[PDB]
2 protein chains.
Amino acid sequence: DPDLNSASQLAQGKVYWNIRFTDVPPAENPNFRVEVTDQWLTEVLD
Amino acid sequence: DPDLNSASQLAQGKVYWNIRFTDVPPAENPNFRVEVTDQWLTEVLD
């Protein structure tokens, strides 16, 4: 920790570390978005 | 047809083909163009 490890805190024995992380969230709702389009309809020409 | 087969024409079930041909016309007037020349008049020399 850059701010919490002050010279007054270090001189009392306190020394601080930060551990930031992200867990793996369980995919409780896998959503799917299906659509019928006409984008590749001109692909039937060759 | 590259133009008439669009993505919006094919989405309605329309698909276009072009059949361009040439009929064999009847020779109703064979024209003949007969002429006398002097190009082969110099052939009788050898």
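In the PDB header, cryo-EM is given as the technique by which the entry was determined, and 3.5 Å as its resolution.

1. Digging into the interface of chain B and chain A
Contact residues are listed per partner, giving 7 residues for chain B and 5 residues for chain A. For the pairing of chain B and chain A, the buried interface totals around 440 Å² over both sides, and the portion due to carbon and sulfur atoms is 77%. Sorting the residues of chain B by area buried against chain A places B:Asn5, B:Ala7 and B:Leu10 first, and these three jointly supply 73% of that buried surface. For the pair chain B and chain A, the interface holds 0 salt bridges. Taken together, the residues of the side of chain B that touches chain A break down into 4 nonpolar, 2 polar and 1 charged.

2. Notes on a nonpolar patch on the surface
On the surface, a nonpolar cluster with roughly 660 Å² of combined accessible area is contributed by A:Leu10, A:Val15, A:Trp17, A:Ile19 and A:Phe21. Residue A:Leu10 is classed as partly exposed on the basis of its relative accessible area, which comes to 45%.

3. Thoughts on the side chain of B:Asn5
All names here are of chain B. For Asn 5, the position within the fold is in the segment before α1 (7–10). The class of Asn 5 is buried, set by a relative accessible area of 5%. Among the polar contacts made by the side chain of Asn 5, one reaches the main-chain amide nitrogen of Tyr 16 at a distance of 2.6 Å.

4. Quick notes on the side chain of A:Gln9
Mapped onto the fold, A:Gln9 is located in helix α1 (residues 7–10). In terms of polar contacts, A:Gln9 uses its side chain to reach the side chain of A:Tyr16, at 3.3 Å.

Basis of the calculations
- Residues numbered from 1 in each chain as written, not as in the entry; some residues may be left out.
- Chains lettered and ligands numbered in written order.
- Part of a larger assembly, values for the part shown.
- Heavy atoms only, no water.
- Contact = heavy atoms within 4.5 Å.
- Buried area = accessible area lost by both parts, 1.4 Å probe.
- Salt bridge = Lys/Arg side-chain N within 4 Å of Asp/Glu carboxyl O.
- Nonpolar A, V, L, I, M, F, W, Y, C, P; charged D, E, K, R; others polar.
- Patch = residues over 30% accessible without salt bridge, like charges linked within 9 Å, V, L, I, M, F, W, Y side chains within 5 Å.
- Areas by Shrake-Rupley, 256 points an atom, 1.4 Å probe, with all protein chains shown as cover.
- Buried < 20%, exposed > 50% of the residue type's maximum accessible area, 1.4 Å probe, protein only.
- Helix = DSSP H or I, 4+ residues; strand = E, 2+ residues; numbered from the N terminus.
- Polar contact = N/O pair within 3.5 Å; in protein donor to acceptor, adjacent residues only side chain to side chain.

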